[PDB]
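Colleague: Heads up, the sequence shown is in UniProt numbering, so the first residue is 1025 and it goes up one at a time. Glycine is no exception: its CB is placed at the ideal position from the N, C-alpha and C atoms.
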Amino acid sequence: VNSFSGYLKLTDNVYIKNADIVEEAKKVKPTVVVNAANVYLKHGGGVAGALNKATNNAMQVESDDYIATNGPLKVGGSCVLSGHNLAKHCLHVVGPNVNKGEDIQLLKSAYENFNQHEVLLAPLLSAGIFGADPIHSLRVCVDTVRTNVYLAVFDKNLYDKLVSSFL
Ligand SMILES: OC[C@@H]1C[C@@H]2CCC[C@@H]2N1c1ncnc2[nH]ccc12
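(1) Please specify which runs of the beta strand (DSSP E), each continuous and at least 3 residues long, are wholly inside the stretch 1077-1114, giving them in chain order.
(2) Classify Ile1045 as helix, strand or coil using the three-state DSSP reduction.
(3) Hey, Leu1191 and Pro1158 are a contact pair by Cβ (cut 8 Å); roughly how many whole angstroms apart?
(4) Is it buried or exposed, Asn1026, if we count other Cβ atoms within 10 angstroms and call 16 or more buried?
(5) Can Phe1028 be considered in contact with ligand 1, in the sense that its beta carbon sits closer than 8 Å to one or more heavy atoms?
(6) Rounding to the nearest angstrom, what Cα-Cα distance links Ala1092 and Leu1065 in this structure?
(7) May I ask you to list the residues that DSSP assigns as paired with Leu1144?
(8) Between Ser1106 and the rest of its own chain, which residues show a CB-CB distance below 7 Å, the 5 nearest in sequence each way excluded?
(9) Are there any heavy atoms of ligand 1 lying less than 8 Å away from the beta-carbon of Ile1128, as far as the coordinates show?
(10) For a quick check, are the C-beta atoms of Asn1123 and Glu1142 less than 9 Å apart?
(11) Since residue 981 and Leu1162 are thought to touch, with beta carbons under 8 Å apart, how far apart are those beta carbons, to the nearest angstrom?
(12) Under the assumption that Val1118 contacts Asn1062 (Cβ atoms under 8 Å), give the Cβ distance between them as a whole number of angstroms.
(13) Strictly by DSSP, which residues pair up with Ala1060?
(14) Rank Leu1144, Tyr1031, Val1038 by C-alpha distance to the C-alpha of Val1164 and give the top, closest one.
(15) Just to confirm, does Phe1138 get its C-beta within under 8 Å of one of the non-hydrogen atoms of ligand 1?
(16) Check whether the Cβ atoms of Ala1049 and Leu1145 lie closer than 9 Å to each other.
(17) Just the Cα atoms here: how many angstroms apart are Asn1080 and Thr1035?
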């Protein structure tokens, strides 16, 4: 039993809700919140910019130190950093950016990072400003993640479409 509320169950291990991941994180304070990061951990907009804003830029400060030490992430890769006032931890995951010419096959690799955590609050990777199809992304999530994932879908129209076409 966990403190997530109002989610639809999609499969044995995937749950979805029409919600802003930032608001879900503030309310639930989960163990792991996923960020839809880029390789530079430059949290400008979308999921990342909104999460970072909610941390009063502490996420960006921590991220800049991480990059100065370790260099950029790989597309498809991740790192675990603090969750600040939103969660215990933040799993920064880089999906491929199709508007950069990056291979959509790396989306499966991106979701594989979720399997290192028993329970996560997450967005749909590569959706939004990353340019990918959110229905394809939801299917990759369902077919890749085996741990318990609670998906927050920001756009109501998209949520309705994902749920109705899922079977
Ligand atoms: O797939 C990520 C979706 C696509 C949307 C268009 C751009 C970013 C948006 N995303 C969000 N998803 C969940 N919570 C969110 N809070 C703020 C943004 C946001």
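Modeller: The structure says:
(1) 1102-1106
(2) Walking along the sequence shown from the start, residue 1045 turns up at place 21. Three-state DSSP puts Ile1045 in a helix.
(3) Numbered from 1 along the sequence shown, position 167 holds the residue referred to as residue 1191. Numbered from 1 along the sequence shown, position 134 holds the residue referred to as residue 1158. Wrong, their Cβ atoms sit about 16 Å apart, outside the cutoff.
(4) Locating residue 1026 in the sequence shown gives position 2, counting from the first residue. It is exposed - the Cβ of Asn1026 has fewer than 16 other Cβ atoms within 10 Å.
(5) The count along the sequence shown starts at 1 and reaches residue 1028 at position 4. For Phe1028, the shortest C-beta to heavy atom distance toward ligand 1 is 8 Å or greater.
(6) For the purposes of this step, residue 1092 is identified with residue 68 of the sequence shown, where counting begins at 1. For the purposes of this step, residue 1065 is identified with residue 41 of the sequence shown, where counting begins at 1. If I take the Cα positions, the gap works out to 11 Å.
(7) Position 120 of the sequence shown, counted from the start, is the residue given in the question as residue 1144. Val1173, per the DSSP bridge assignment.
(8) Counted from its first residue, the sequence shown places residue 1106 at position 82. Close CB contacts of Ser1106 within its chain, under the 7 Å cut and outside five residues either way in sequence, are with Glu1086, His1113, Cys1114 (chain order).
(9) Position 104 of the sequence shown, counted from the start, is the residue given in the question as residue 1128. No, the beta carbon of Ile1128 sits no closer than 8 Å to any heavy atom of ligand 1.
(10) Taking the first residue of the sequence shown as position 1, residue 1123 is located at position 99. Taking the first residue of the sequence shown as position 1, residue 1142 is located at position 118. Not in contact: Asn1123 and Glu1142 (Cβ atoms no closer than 9 Å).
(11) A query on residue 981 cannot be resolved here, the shown segment of the chain reaching from 1025 to 1191 and no further.
(12) Locating residue 1118 in the sequence shown gives position 94, where the first residue counts as 1. Locating residue 1062 in the sequence shown gives position 38, where the first residue counts as 1. Indeed they touch by this definition, with Cβ atoms about 6 Å apart.
(13) Position 36 of the sequence shown, counting from 1, holds the residue named residue 1060. In the DSSP output, where bridge partners are listed per residue, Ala1060 has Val1117.
(14) Here the question's residue 1164 lines up with position 140 in the sequence shown. Out of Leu1144, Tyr1031, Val1038, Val1038 has the C-alpha closest to the C-alpha of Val1164.
(15) Taking the sequence shown and counting its residues from 1, the one referred to as residue 1138 is at position 114. No; taking the cut-off as 8 Å, the Cβ of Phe1138 has no heavy atom of ligand 1 nearer than that.
(16) In the sequence shown, counting from the first residue as 1, residue 1049 sits at position 25. In the sequence shown, counting from the first residue as 1, residue 1145 sits at position 121. In this structure, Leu1145 lies closer than 9 Å to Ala1049 by Cβ.
(17) Within the sequence shown, numbered from 1, the residue matching residue 1080 stands at position 56. Within the sequence shown, numbered from 1, the residue matching residue 1035 stands at position 11. Their backbone Cα atoms lie some 35 Å apart in a straight line.
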